[PDB]
$ cat structure-v2.csv   # CSV, C-alpha atoms and all ligand atoms
chain,number,residue,atom,x,y,z
A,1,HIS,CA,93.0,93.5,85.3
A,2,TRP,CA,89.7,95.2,84.7
A,3,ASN,CA,88.7,94.7,88.3
A,4,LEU,CA,91.1,97.5,89.3
A,5,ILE,CA,89.2,99.9,87.1
A,6,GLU,CA,85.8,98.6,88.2
A,7,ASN,CA,86.7,98.9,91.9
A,8,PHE,CA,87.9,102.5,91.3
A,9,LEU,CA,84.6,103.3,89.6
A,10,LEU,CA,82.4,101.7,92.3
A,11,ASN,CA,84.2,103.7,95.0
A,12,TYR,CA,83.9,106.9,92.9
A,13,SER,CA,80.2,106.6,92.4
A,14,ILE,CA,79.2,106.0,96.1
A,15,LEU,CA,74.6,107.7,94.4
A,16,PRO,CA,70.8,107.6,95.5
A,17,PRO,CA,68.9,104.3,95.8
A,18,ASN,CA,67.7,104.4,92.2
A,19,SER,CA,70.5,105.7,90.0
A,20,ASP,CA,71.1,105.1,86.3
A,21,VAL,CA,73.6,107.7,85.1
A,22,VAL,CA,76.6,108.1,82.8
A,23,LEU,CA,79.6,109.5,84.5
A,24,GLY,CA,82.0,111.4,82.3
A,25,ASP,CA,85.4,112.2,83.8
A,26,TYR,CA,89.1,111.8,83.6
A,27,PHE,CA,88.8,108.2,84.7
A,28,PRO,CA,91.7,105.7,84.7
A,29,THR,CA,92.1,104.1,81.2
A,30,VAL,CA,93.3,100.8,79.9
A,31,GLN,CA,94.9,101.8,76.6
A,32,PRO,CA,98.3,103.4,77.6
A,33,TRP,CA,100.3,102.1,80.6
A,34,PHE,CA,103.9,103.0,81.2
A,35,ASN,CA,106.8,101.5,83.3
A,36,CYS,CA,110.3,103.0,82.7
A,37,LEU,CA,117.2,111.5,83.9
A,38,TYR,CA,113.4,111.4,84.8
A,39,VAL,CA,110.3,110.8,82.8
A,40,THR,CA,108.3,113.7,81.4
A,41,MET,CA,104.8,113.5,79.8
A,42,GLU,CA,102.7,116.4,78.6
A,43,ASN,CA,99.1,117.6,78.5
A,44,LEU,CA,97.8,115.3,81.3
A,45,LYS,CA,94.5,116.0,83.0
A,46,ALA,CA,95.0,113.2,85.6
A,47,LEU,CA,97.6,110.6,86.5
A,48,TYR,CA,97.0,107.2,88.2
A,49,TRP,CA,99.3,104.5,89.3
A,50,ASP,CA,99.4,101.1,91.1
A,51,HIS,CA,108.2,110.6,93.2
A,52,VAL,CA,105.6,112.5,91.1
A,53,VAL,CA,105.6,116.2,90.4
A,54,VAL,CA,102.8,118.2,88.8
A,55,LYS,CA,103.8,121.8,88.1
A,56,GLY,CA,101.5,124.8,88.4
A,57,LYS,CA,101.3,128.4,89.5
A,58,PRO,CA,101.5,129.7,92.2
A,59,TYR,CA,100.8,126.2,93.5
A,60,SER,CA,102.2,122.8,92.7
A,61,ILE,CA,101.4,119.2,93.9
A,62,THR,CA,103.8,116.4,94.6
A,63,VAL,CA,103.7,112.8,95.9
A,64,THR,CA,106.9,111.2,97.4
A,65,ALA,CA,104.3,108.1,101.6
A,66,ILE,CA,103.7,111.9,101.7
A,67,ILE,CA,101.4,114.1,99.5
A,68,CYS,CA,101.7,117.9,99.6
A,69,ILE,CA,100.3,121.0,98.0
A,70,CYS,CA,102.5,124.1,98.4
A,71,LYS,CA,103.5,127.3,96.7
A,72,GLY,CA,106.5,127.2,94.3
A,73,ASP,CA,103.0,128.5,102.3
A,74,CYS,CA,101.3,125.1,102.2
A,75,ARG,CA,97.7,124.1,101.9
A,76,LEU,CA,97.9,120.3,102.1
A,77,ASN,CA,100.2,117.8,103.9
A,78,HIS,CA,99.1,114.2,104.4
A,79,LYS,CA,101.1,111.1,105.2
A,80,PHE,CA,99.9,107.6,104.7
A,81,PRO,CA,100.8,103.8,104.8
A,82,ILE,CA,100.6,101.7,101.6
A,83,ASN,CA,93.8,96.2,94.7
A,84,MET,CA,93.8,100.0,95.2
A,85,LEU,CA,94.7,102.4,92.4
A,86,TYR,CA,96.1,105.7,93.5
A,87,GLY,CA,96.2,109.0,91.6
A,88,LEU,CA,95.8,112.8,91.2
A,89,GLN,CA,93.2,114.6,89.3
A,90,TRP,CA,93.3,118.4,88.8
A,91,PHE,CA,91.0,121.2,87.6
A,92,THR,CA,91.4,124.9,87.4
A,93,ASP,CA,89.6,125.4,90.8
A,94,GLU,CA,90.3,122.1,92.6
A,95,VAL,CA,92.5,119.1,93.4
A,96,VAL,CA,91.1,115.6,93.9
A,97,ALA,CA,93.3,112.9,95.3
A,98,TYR,CA,92.7,109.1,95.4
A,99,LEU,CA,94.8,107.5,98.1
A,100,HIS,CA,94.7,104.4,100.3
A,101,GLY,CA,91.0,103.8,99.8
A,102,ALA,CA,90.0,107.4,100.6
A,103,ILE,CA,89.0,110.2,98.3
A,104,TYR,CA,90.2,113.7,99.2
A,105,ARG,CA,89.1,117.1,97.8
A,106,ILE,CA,90.8,120.5,98.0
A,107,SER,CA,89.5,123.9,96.7
A,108,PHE,CA,91.8,126.6,95.4
A,109,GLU,CA,92.2,128.3,92.0
A,110,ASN,CA,95.5,127.6,90.3
A,111,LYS,CA,96.9,127.7,86.8
A,112,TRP,CA,97.9,124.2,86.0
A,113,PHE,CA,100.3,123.4,83.3
A,114,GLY,CA,100.2,120.1,81.3
A,115,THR,CA,103.7,119.2,82.6
A,116,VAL,CA,104.3,116.1,84.8
A,117,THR,CA,107.7,114.7,85.8
A,118,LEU,CA,108.3,111.5,87.7
A,119,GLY,CA,111.3,109.6,89.1
A,120,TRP,CA,105.5,101.2,89.6
A,121,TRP,CA,103.1,101.3,86.6
A,122,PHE,CA,101.7,104.6,85.6
A,123,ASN,CA,98.4,105.4,83.8
A,124,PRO,CA,98.3,108.9,82.3
A,125,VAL,CA,94.9,110.3,81.3
A,126,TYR,CA,94.5,112.7,78.4
A,127,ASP,CA,90.8,112.9,77.8
A,128,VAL,CA,87.3,112.0,79.2
A,129,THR,CA,86.1,108.4,79.4
A,130,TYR,CA,82.4,107.6,79.9
A,131,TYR,CA,81.1,104.9,82.2
A,132,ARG,CA,77.5,103.9,83.0
A,133,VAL,CA,76.5,103.0,86.5
A,134,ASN,CA,73.2,101.4,87.5
A,135,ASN,CA,72.3,100.5,91.1
A,136,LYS,CA,68.5,100.3,90.7
A,137,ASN,CA,68.3,96.5,91.7
A,138,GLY,CA,70.3,97.1,94.9
A,139,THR,CA,73.7,96.1,93.5
A,140,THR,CA,75.9,98.7,91.8
A,141,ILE,CA,76.8,97.6,88.3
A,142,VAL,CA,79.4,99.2,86.0
A,143,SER,CA,79.5,99.0,82.2
A,144,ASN,CA,80.4,101.1,79.1
A,145,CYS,CA,78.2,103.7,77.4
A,201,LIG,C1,84.5,98.3,78.6
A,201,LIG,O1,85.5,98.4,77.5
A,201,LIG,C2,86.8,97.8,77.9
A,201,LIG,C3,87.7,98.0,76.7
A,201,LIG,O2,88.0,99.4,76.4
A,201,LIG,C4,86.6,96.3,78.3
A,201,LIG,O3,87.9,95.8,78.7
A,201,LIG,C5,88.2,94.3,78.6
A,201,LIG,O4,88.1,93.7,79.9
A,201,LIG,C6,88.3,92.2,79.8
A,201,LIG,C7,88.2,91.6,81.2
A,201,LIG,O5,86.9,91.9,81.7
A,201,LIG,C8,89.7,91.9,79.2
A,201,LIG,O6,90.0,90.5,79.0
A,201,LIG,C9,89.8,92.6,77.7
A,201,LIG,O7,91.1,92.4,77.2
A,201,LIG,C10,89.6,94.1,77.9
A,201,LIG,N1,89.5,94.8,76.5
A,201,LIG,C11,90.6,95.5,76.1
A,201,LIG,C12,90.5,96.1,74.7
A,201,LIG,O8,91.6,95.7,76.8
A,201,LIG,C13,85.6,96.2,79.5
A,201,LIG,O9,85.5,94.9,79.9
A,201,LIG,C14,84.3,96.9,79.1
A,201,LIG,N2,83.4,96.9,80.2
A,201,LIG,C15,82.5,95.9,80.5
A,201,LIG,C16,81.6,95.9,81.7
A,201,LIG,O10,82.5,94.9,79.7
A,202,LIG,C1,87.4,101.4,98.2
A,202,LIG,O1,87.2,100.0,97.8
A,202,LIG,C2,87.5,99.1,98.9
A,202,LIG,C3,87.3,97.7,98.4
A,202,LIG,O2,88.3,97.3,97.4
A,202,LIG,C4,86.7,99.4,100.1
A,202,LIG,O3,87.0,98.5,101.2
A,202,LIG,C5,86.9,100.9,100.6
A,202,LIG,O4,86.0,101.2,101.7
A,202,LIG,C6,86.5,101.8,99.4
A,202,LIG,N1,86.7,103.2,99.7
A,202,LIG,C7,85.7,104.1,99.6
A,202,LIG,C8,86.0,105.6,99.9
A,202,LIG,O5,84.6,103.8,99.2
A,203,LIG,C1,71.4,92.8,90.0
A,203,LIG,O1,71.9,92.6,88.6
A,203,LIG,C2,73.2,91.9,88.7
A,203,LIG,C3,73.7,91.8,87.2
A,203,LIG,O2,72.8,91.2,86.3
A,203,LIG,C4,72.9,90.5,89.3
A,203,LIG,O3,74.2,89.7,89.3
A,203,LIG,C5,72.4,90.6,90.7
A,203,LIG,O4,72.1,89.3,91.3
A,203,LIG,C6,71.0,91.4,90.6
A,203,LIG,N1,70.5,91.7,92.0
A,203,LIG,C7,69.3,91.1,92.4
A,203,LIG,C8,68.8,91.4,93.7
A,203,LIG,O5,68.7,90.4,91.6
$ encode --input "structure-v2.csv" --output "structure tokens" --more "lines below"
Ligand SMILES: *[C@@H]1O[C@H](CO)[C@@H](O[C@@H]2O[C@H](CO)[C@@H](O)[C@H](O)[C@H]2NC(C)=O)[C@H](O)[C@H]1NC(C)=O
Ligand SMILES: *[C@@H]1O[C@H](CO)[C@@H](O)[C@H](O)[C@H]1NC(C)=O
Ligand SMILES: *[C@@H]1O[C@H](CO)[C@@H](O)[C@H](O)[C@H]1NC(C)=O
Amino acid sequence: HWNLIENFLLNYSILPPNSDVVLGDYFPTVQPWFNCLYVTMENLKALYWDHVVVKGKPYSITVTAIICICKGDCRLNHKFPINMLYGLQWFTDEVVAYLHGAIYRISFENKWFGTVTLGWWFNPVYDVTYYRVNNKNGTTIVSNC
């Protein structure tokens, strides 16, 4: 089901009219995939899927559909209806969420821990994957580089 990865990447990229660039990020992968007293995985940088808790300090982020960022005061609270791939991506100074066809971005410094617990296929991301995108001929094309 490569088209799921391709659609994600096409939505991520939209670039200027004449772009040919390699994008290196914690993109959804195809090698590991998991489908299961809860599951714990460590050292994740991002997590994608077709109740998820990512611990951090002072802030943490969870998805139960409702997604929230709160201490332990709240910074984010969004509710939404459900070939879209969803997921969370986090960095020292920001949180990026991919939900229901929209990309959201929140800014705040937080110490993240590589600990994620969940209670439905999951796609954990441990490292950076590179993709090349080229839209120079008017159509955006995605390939490996
Ligand atoms: C980039 O590399 C991945 C493998 O890491 C390619 O994935 C293949 O996709 C086809 C369908 O298009 C599947 O039938 C293969 O089984 C997949 N390979 C593996 C190892 O799972 C991907 O197609 C490559 N990108 C492009 C544009 O070709
Ligand atoms: C995501 O891709 C879908 C097509 O699968 C498209 O309809 C939707 O508008 C895209 N979202 C963004 C933010 O580009
Ligand atoms: C752009 O390149 C793709 C891939 O080769 C091709 O399918 C598409 O038709 C091309 N666009 C134009 C306007 O030729």
$ residues_around --input "structure-v2.csv" --residues "residue 107 of chain A" --least-positions-apart "2" --cutoff "8 Å" --atoms "only C-alpha atoms" --output "PyMOL selection string"
chain A and resi 93-95+105+109
$ residues_near_ligand --input "structure-v2.csv" --ligand "ligand LIG 203 (chain A)" --cutoff "10 Å" --atoms "all atoms listed in the file" --output "ChimeraX atom specification"
/A:134-142
$ residues_near_ligand --input "structure-v2.csv" --ligand "ligand LIG 202 (chain A)" --cutoff "12 Å" --atoms "only C-alpha atoms and all ligand atoms" --output "MDAnalysis selection string"
chainID A and resid 3:15 83:86 97:104
$ residues_near_ligand --input "structure-v2.csv" --ligand "ligand LIG 201 (chain A)" --cutoff "10 Å" --atoms "only C-alpha atoms and all ligand atoms" --output "ChimeraX atom specification"
/A:1-3,5-6,29-31,129-133,141-145
$ write_last_selection --input "structure-v2.csv" --atoms "C-alpha atoms" --output "mmCIF file, in the coordinates of the input"
data_model
loop_
_atom_site.group_PDB
_atom_site.id
_atom_site.type_symbol
_atom_site.label_atom_id
_atom_site.label_comp_id
_atom_site.auth_asym_id
_atom_site.auth_seq_id
_atom_site.Cartn_x
_atom_site.Cartn_y
_atom_site.Cartn_z
ATOM 1 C CA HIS A 1 93.000 93.500 85.300
ATOM 2 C CA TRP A 2 89.700 95.200 84.700
ATOM 3 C CA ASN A 3 88.700 94.700 88.300
ATOM 4 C CA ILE A 5 89.200 99.900 87.100
ATOM 5 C CA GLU A 6 85.800 98.600 88.200
ATOM 6 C CA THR A 29 92.100 104.100 81.200
ATOM 7 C CA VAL A 30 93.300 100.800 79.900
ATOM 8 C CA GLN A 31 94.900 101.800 76.600
ATOM 9 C CA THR A 129 86.100 108.400 79.400
ATOM 10 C CA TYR A 130 82.400 107.600 79.900
ATOM 11 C CA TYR A 131 81.100 104.900 82.200
ATOM 12 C CA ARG A 132 77.500 103.900 83.000
ATOM 13 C CA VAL A 133 76.500 103.000 86.500
ATOM 14 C CA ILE A 141 76.800 97.600 88.300
ATOM 15 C CA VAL A 142 79.400 99.200 86.000
ATOM 16 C CA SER A 143 79.500 99.000 82.200
ATOM 17 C CA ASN A 144 80.400 101.100 79.100
ATOM 18 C CA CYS A 145 78.200 103.700 77.400
#
$ closest_residue --input "structure-v2.csv" --among "A:36, A:21, A:88, A:68" --to "residue 121 of chain A" --atoms "only C-alpha atoms"
A:36
